[PDB]
Structures are given as C-alpha cells and as structure tokens.
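**Student:** Below is one structure. I have some questions about it.
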Amino acid sequence: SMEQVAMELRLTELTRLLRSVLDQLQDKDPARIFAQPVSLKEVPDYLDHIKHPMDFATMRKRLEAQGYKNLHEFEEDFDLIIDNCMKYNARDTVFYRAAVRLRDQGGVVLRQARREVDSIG
C-alpha cells in the first residue's frame with residue numbers, strides 16, 4: 001500500500017537524521033571510550049553489574065537496520081551508555097569523567113534534534 005510506503009519514507013528520513021545526531025554525539029567522545037562494547041574477556045564480571053550494556057557501535061548497527069522507530073528510543077540507548085558508565089566506574093576515574101562530559105555536550109545536540117524531529121514530523 002501507498003500508506004505503508006509513506007511510513008517507510010518517514011522511517012528512512014528519521015534514520016538519516018539520527019545518523020547525523022549519532023556522529024555529532026560520537027565527536028564528543030574523542031578518546032573513543034564509548035565506541036565499542038565493554039569486553040567480557042577484559043571485564044569478565046561486567047554483566048553481574050550492568051544488565052543492559054550499550055555502546056556507539058551497537059547503536060550504529062541498530063540504526064542501519066532502521067531499528068529506531070522514534071527519537072525517544074535512540075535517547076534511551078544513549079542514556080544507557082552514560083548511565084552504565086557512571087554506575088560501574090567511580091567518580092574519580094577517566095571513564096566516569098568522560099561520561100559526564102558526553103552527557104553535558106550531548107544534551108545540546110539532543111535539545112535541537114528534538115526540535116528537528118517535531119518540526120519535520
């Protein structure tokens with residue numbers, strides 16, 4: 001149906017926008033601390049601590065299969081990256097401090113992306 005196609009064009013356009021958002025968010029992590037999943041070879045107990053791991057590569061795979069239906073879904077995943085890190089790592093670590101910075105710098109990007117999604121529909 002033509003209705004089905006039009007929904008698919010909206011999903012595709014959301015996907016393009018989210019990809020630009022994702023790149024911008026990832027530029028706020030020049031150390032690439034959040035680029036890849038936490039290794040279970042190098043932190044074998046990780047899953048006793050964190051129930052829903054997330055990282056930029058896993059968000060990117062989900063994005064390219066058009067797996068984000070709206071911005072809320074994307075934001076939940078971004079917030080997981082941050083919130084996982086601030087629980088697992090202590091306050092005085094390079095990791096925790098990098099989360100705080102990504103959160104603060106990412107909030108500006110997400111502020112305007114929410115206007116762009118509402119605005120463009």
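Scheme for the structure tokens: letters A, B, ... for chains in order shown; per-chain residue numbers from 1; ligand numbers from 1 in order shown.
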As a ChimeraX atom specification, please: the residues near residue 100 of chain A (cut-off 12 Å, only C-alpha atoms, same-chain neighbours under 6 positions excluded).
**Tutor:** /A:28-29,79,81-87,89-94,106-107
**Student:** Determine, counting only C-alpha atoms, which protein, DNA and RNA residues have an atom within 10 Å of an atom of segment 69-74 of chain A; residues of the same chain fewer than 3 positions away are not included. Present the result as a list in words.
**Tutor:**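 Returned residues: residues 10, 11, 12, 14, 15, 17, 18, 21, 22, 59, 62, 63, 66, 77, 78, 79, 110, 113, 114, 117 and 118 of chain A.
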**Student:** Which residue is closest to residue 23 of chain A? Choose from A:99, A:50, A:7, A:57 and count only C-alpha atoms.
**Tutor:**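 Residue with the minimum atom-to-atom distance to residue 23 of chain A: A:57.
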**Student:** Give the answer as one residue: which of A:103, A:42, A:55, A:20 has the shortest atom-to-atom distance to residue 116 of chain A, using only C-alpha atoms?
**Tutor:**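 The shortest atom-to-atom distance to residue 116 of chain A comes from A:20.
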**Student:** Write out as JSON, numbers by chain all residues of chain A that backbone DSSP assigns to alpha helix (DSSP H).
**Tutor:** {"A": [2, 3, 4, 5, 6, 7, 8, 9, 10, 11, 12, 13, 14, 15, 16, 17, 18, 19, 20, 21, 22, 23, 24, 25, 26, 27, 46, 47, 48, 49, 56, 57, 58, 59, 60, 61, 62, 63, 64, 71, 72, 73, 74, 75, 76, 77, 78, 79, 80, 81, 82, 83, 84, 85, 86, 87, 88, 94, 95, 96, 97, 98, 99, 100, 101, 102, 103, 104, 105, 106, 107, 108, 109, 110, 111, 112, 113, 114, 115, 116, 117, 118, 119, 120]}
**Student:** Out of A:108, A:9, A:80, A:102, which residue has the shortest atom-to-atom distance to residue 37 of chain A when counting only C-alpha atoms?
**Tutor:** A:80
**Student:** Expressed in Å to a single decimal, how great is the separation between atom CA of residue 41 of chain A and atom CA of residue 75 of chain A?
**Tutor:**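 Computing the Euclidean distance for atom CA of residue 41 of chain A and atom CA of residue 75 of chain A yields 28.0 Å.
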**Student:** In terms of the shortest atom-to-atom distance over only C-alpha atoms, which of A:5, A:68, A:13, A:27 is closest to residue 109 of chain A?
**Tutor:**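 Of A:5, A:68, A:13, A:27, the one nearest residue 109 of chain A, counting only C-alpha atoms, is A:27.
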